[PDB]
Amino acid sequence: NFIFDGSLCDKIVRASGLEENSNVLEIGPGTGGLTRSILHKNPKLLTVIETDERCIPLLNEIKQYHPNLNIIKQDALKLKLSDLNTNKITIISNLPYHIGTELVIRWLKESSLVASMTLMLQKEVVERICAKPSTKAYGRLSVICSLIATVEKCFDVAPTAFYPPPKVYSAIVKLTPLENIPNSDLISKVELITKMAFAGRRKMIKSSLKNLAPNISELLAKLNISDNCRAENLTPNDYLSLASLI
């Protein structure tokens, strides 16, 4: 699903708060719509990660007029931000619908290298990114994002914005790493703990985490959490606390 809408691409860049002379990363630039909007703000470097062979010739052509365009042909799931050898990365990107959630978590894990992220995703995923505890969409993604970033829903994007059109609504979300973040060790554990915890909504934590932590009832008691708590009942901080004891 390639983005057209020229004005829409400019609105995403405006929403990002991108200033001149920044260091930008874009994934899956496709046919270049968002890419050109980014380049209109005169970044110091725009790095794009693209594998679709069909798309590169136009990207090579763009580079001919924009020497600050850098093109990398690699799998997005295989890129570490640390591999780009730059700091203060502003990520402005549409995400491929197969891997959006996976990329967001990967980037947040390397939040130290990140200025901000303004991302276009399925709206269903954006509501999960932004969900608060004891809300319908609260889940693993909410937990991970909440521990690491200030998250902000910007606006909805209709299927007609793309060619060909997707069947579902996209939306734009902005994520700005928090000034204080937990260490990477604890986040890595939270990532796995929440995959088990949220595998089913009805499951008590003392059941879902029992294989991992046979003494889980003891740990819940050490944290003064109900022995009968279920995953949706625990806050993001509760999961961090658990990670530090498992």
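Numbering starts at 1 and follows the sequence shown.
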Residue stretch of maximal mean CA temperature factor, 107 to 115 vs 70 to 78: 70 to 78
Higher-B stretch (mean Cα B-factor, as the entry records it), 177 to 185 or 60 to 68: 60 to 68
Residue of maximum C-alpha B factor among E218, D52, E26, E191, per deposited coordinates: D52
Out of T47, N211, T35, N42, highest CA B-factor residue: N211
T101 CA temperature factor, ranked by third within the chain: middle
Relative C-alpha B-factor of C154, binned into the chain's lowest, middle or highest third: highest
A243, C-alpha B-factor rank within chain (lowest, middle or highest third): middle
Cα B factor band for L84 (lowest, middle or highest third within the chain): middle
CA B-factor placement of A137, once the chain's modelled residues are sorted into thirds: highest
